[PDB]
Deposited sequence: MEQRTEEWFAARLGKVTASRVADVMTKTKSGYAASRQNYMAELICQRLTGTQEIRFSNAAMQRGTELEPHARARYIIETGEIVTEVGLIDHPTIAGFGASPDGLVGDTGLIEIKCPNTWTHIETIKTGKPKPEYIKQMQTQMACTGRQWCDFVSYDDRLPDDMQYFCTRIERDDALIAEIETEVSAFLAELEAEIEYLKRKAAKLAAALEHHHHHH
């Protein structure tokens, strides 16, 4: 989608927030990606991933057939105050809502139905979208058409949690500080080295 990758280069984004905040390898590996993005000026690049992608509009439609909500697609929404940070929600719902859509493996979809509550990393994803957009709630949608009709669609609403947001902004600010510093640090070793 080209112009959009450009808006994401070297930025922390909602779908990567669990990695930032994990108590671990994934935090440093993510840090390493973004360091490389900022330095090199571009990014790097499966079958289940490829379905989640094609079937996304199918779910967007379904959410509407089910709710009658007015849904606007948007690009990257930069955090209001924190620089180098943003979100790409799957939709603006109404005046104060959002939609985040998954179209995963059937068994995953089943477990979401089984438990009624989305995985904690998606909580972090959704809270961050809310932080970035100032929205009040996000409707979490899981879709899979391979199943019987009465099992294809699941929705659950997730309320903005200002406490969790405050933490995230702390952690993301911390993580961003290290990241900038690290780049700085490297630029200064390499340059003196002339």
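**Q.** Stretches with no C-alpha position, numbering per deposited sequence from 1
**A.** According to the record, the gaps fall at 1-4, 28-32, 55-57, 207-216.
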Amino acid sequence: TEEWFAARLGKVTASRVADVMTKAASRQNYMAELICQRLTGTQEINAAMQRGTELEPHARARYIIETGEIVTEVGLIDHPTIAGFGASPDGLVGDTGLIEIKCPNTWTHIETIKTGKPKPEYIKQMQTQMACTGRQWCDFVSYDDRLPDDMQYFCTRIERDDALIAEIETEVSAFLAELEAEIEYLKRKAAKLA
From here on, numbers count along this sequence of modelled residues.
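Q: For the higher mean C-alpha B factor in the entry, choose 47-55 or 136-144.
A: Going by the record's values, the stretch with the higher mean is 47-55.
Q: Consider only the C-alpha atoms of the modelled residues in this chain, order them by B-factor as the entry records it, and name the third containing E69: lowest, middle or highest.
A: Ranked within chain, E69 CA B lands in the middle tercile.
Q.
For the chain shown, is the CA B-factor of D161 in the lowest, middle or highest third of its modelled residues?
A. Its C-alpha B-factor belongs to the highest third of this chain's values.
(Q) Using the temperature factors of the C-alpha atoms in this entry, rank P104 within its chain: lowest, middle or highest third. (A) As the PDB entry reports it, the C-alpha B-factor of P104 lands in the lowest third of its chain.
Q. Looking at the C-alpha B-factor of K11, is it in the lowest, middle or highest third of its chain?
A. Middle third by C-alpha B-factor.
Q: Give the position of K119 by CA B-factor within its chain, expressed as the lowest, middle or highest third.
A: For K119, the deposited C-alpha B-factor lands in the highest third.
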